[PDB]
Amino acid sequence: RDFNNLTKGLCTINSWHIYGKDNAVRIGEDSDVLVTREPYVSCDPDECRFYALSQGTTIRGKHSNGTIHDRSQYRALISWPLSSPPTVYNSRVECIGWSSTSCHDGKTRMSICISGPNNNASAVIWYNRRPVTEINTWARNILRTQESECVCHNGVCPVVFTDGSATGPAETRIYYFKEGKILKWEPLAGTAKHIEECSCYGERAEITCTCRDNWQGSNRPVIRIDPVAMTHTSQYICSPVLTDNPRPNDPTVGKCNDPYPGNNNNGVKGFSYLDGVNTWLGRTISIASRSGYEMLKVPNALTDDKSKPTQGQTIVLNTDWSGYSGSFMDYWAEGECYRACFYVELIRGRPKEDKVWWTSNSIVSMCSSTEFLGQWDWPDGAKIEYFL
């Protein structure tokens, strides 16, 4: 109908309720489920669906051998019905590639997939399921993007891309698209020193993205975008509650405009909701590996370099595998506010479970509740031994 506008603020997050779970790895042990990774969730005005990068083979298939690898010509962004697993028969291909983002602007959906060799990748921007614009690699070193949904406001859908080193300065750009066409792009500004895989959401005409500083930061960089002025700023979450992984132990004071040191050249896609006292941070429980997952209420985390938790909720036990996590919201729901949601990728197989030759995942997803709900843990649930 009309372009969606970010007119509401976030609902008060007092806890998290279960939203979706596909149990993909459990089910795929004996059904035609595609091997995936880098999943996310994204809503259309009349439907919310799961998204991921397929590896172009089923989990039980012999071609599952080697799926720990990230970029092959057999990957594609696929989407499928909420909480169903990504099967050969119910998965819809949005575009071909090994890095992606996607979002609905209220009228139709824009999907972006990047493909190609490391030194010659290109992004193809799809709108209304048709290819509209293409962008060639500018730094010739793995052009890559969010791996979770973008956000739109009055037709303008900003997207964060990075091209260049994963272990030193890179070239990050913020592109402002409208109907799949480039309105404007700008180089990253602010104090964030390295940017990868931004997790974004919008409220009251502003888009907030929590990203990954792969190079040096154990705290997470934050990009705030004005989609009307088509400008942005960047900084780090000030709070000493560190949310990347691996990471050093939590200090008593964090860093606002520089990466918090201790771990270099590594990380994990993550997210946060930065809204004053209504601030919640997600993170793996383990500081060493993609193990466990918890939500922590950290009032003013973004601006308070001494902020610590006041409430929390465990999502995945430290005795279970987690992985990527990101933000999304149903911008077309009823009510006076946007209900914060997130998903956690539950990685199974390599490298942590190397008795199998594949690497895949399942998805668990939650949204906020104004109630103070009891908590449960949500593991992938598959028994690797069954696959041996």
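So that there is no doubt, residue numbering starts at 1 and follows the sequence shown.
K.L.:
Mean C-alpha B-factor higher for 314 to 322, or for 110 to 118?
P.N.:
If you average the C-alpha B-factors of 314 to 322 and of 110 to 118, the larger mean comes out for 314 to 322.
K.L.:
Quick one: higher average CA temperature factor, 251 to 259 or 292 to 300?
P.N.:
In the deposited entry, the stretch with the higher C-alpha B-factor mean is 251 to 259.
K.L.:
Out of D32, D330, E38, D70, whose C-alpha atom has the biggest B factor in the entry?
P.N.:
Most elevated C-alpha B-factor of the set, per the entry: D70.
K.L.:
Of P158, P86, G282, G168, which one's C-alpha B factor is largest in the deposited record?
P.N.:
Answer for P158, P86, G282, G168: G168, with the highest C-alpha B-factor.
K.L.:
Relative to the other modelled residues in the chain, which third contains the C-alpha temperature factor of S42: lowest, middle or highest?
P.N.:
Its C-alpha B-factor belongs to the lowest third of this chain's values.
K.L.:
Would the CA B-factor of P221 place it in the lowest, middle or highest third of its chain?
P.N.:
Middle third.
K.L.:
Quick check on the deposited entry: does the C-alpha B-factor of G61 sit in the lowest, middle or highest third of its chain?
P.N.:
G61: CA B-factor falls in the middle third of its chain.
K.L.:
Considering every modelled residue of the chain and its Cα B-factor in the PDB entry, is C238 in the lowest, middle or highest third?
P.N.:
Highest third.
K.L.:
Against its chain's modelled residues, does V268's Cα B factor rank lowest, middle or highest third?
P.N.:
Middle third - that is where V268 ends up once the chain's C-alpha B-factors are sorted.
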